[PDB]
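Below you'll find only one chain, the form deposited in one PDB entry, shown as structure tokens.
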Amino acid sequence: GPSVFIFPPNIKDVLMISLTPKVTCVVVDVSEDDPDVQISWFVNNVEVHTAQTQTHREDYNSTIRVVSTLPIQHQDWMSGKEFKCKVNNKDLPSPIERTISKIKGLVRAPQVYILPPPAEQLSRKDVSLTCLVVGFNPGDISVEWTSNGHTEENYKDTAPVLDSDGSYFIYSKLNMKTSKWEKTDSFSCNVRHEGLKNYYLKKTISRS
């Protein structure tokens, strides 16, 4: 029959109070004859009624998926409360249950560094700024870029990578125009991580 998977909120949504973190329950391979799925939600075994549930046609392989996202309180995630979805359908003998909560573990704040472009790039039209975020636990982190205050979108980062000392690091590569590098005052690597004071740390660099 159908399978069910549960997912934690995005770490950025958890650490940014103006955003809405959500726990997600996904019912995969729902039968088309039988698309009625009831998904109910529990926070520490207390039922809640705020989840938004949608059916999606998966055109990759012509299947159906039902996705339920429960909006949650940030502090409830951080303080270790259990979120649980119960899925009922006809093709299911008994209801299938999934539970998730935040893993209580080692917390270690990252160091954040910005590396200027390599010298070899300074004669080209485009340069790469590198944000190196090092020594954090756990491995969940948001890393974004701005120039002065404006959001920069033309970056990619790596997976968090577990180092030999048991902590993680990540690289983020921002490509911008050498002219922009020359004219713009400042570029900022903005890091959200639970070990940081206020969950937030900005590092800024300028061309000299």
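All residue numbers are counted from 1 along the displayed sequence. Throughout, rigid core stands for the largest set of C-alpha atoms superposing within 1.5 Å between the two forms.
Between 159-167 and 33-41, it is 33-41 that carries the larger average Cα temperature factor according to the deposited entry. With 88-96 and 122-130 compared on mean CA B-factor from the PDB entry, the stretch scoring higher is 88-96.
Per the deposited record, the Cα B-factor of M16 falls in the middle third when ranked against the other modelled residues of its chain. When all modelled residues of the chain are sorted by CA temperature factor, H74 is found within the middle third. Annotation for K183: C-alpha temperature factor in the highest third relative to the rest of the modelled chain, per the entry.
Residue-level temperature factors show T63 in the middle third of its chain, judged at the C-alpha atom. Ranked by Cα temperature factor within the chain, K81 sits in the middle third according to the deposited record.
Same protein, other form: the form deposited in another entry, not shown, and the subject of what follows.
Once the core is superposed between this form and the one not shown, every option in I64, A51, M176, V43 stays below 2 Å in C-alpha shift except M176.
The rigid-core alignment places the CA of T99 less than 2 Å apart between this form and the one not shown. Core-superposed comparison between this form and the one not shown: CA of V127 displaced by 2 Å or more.
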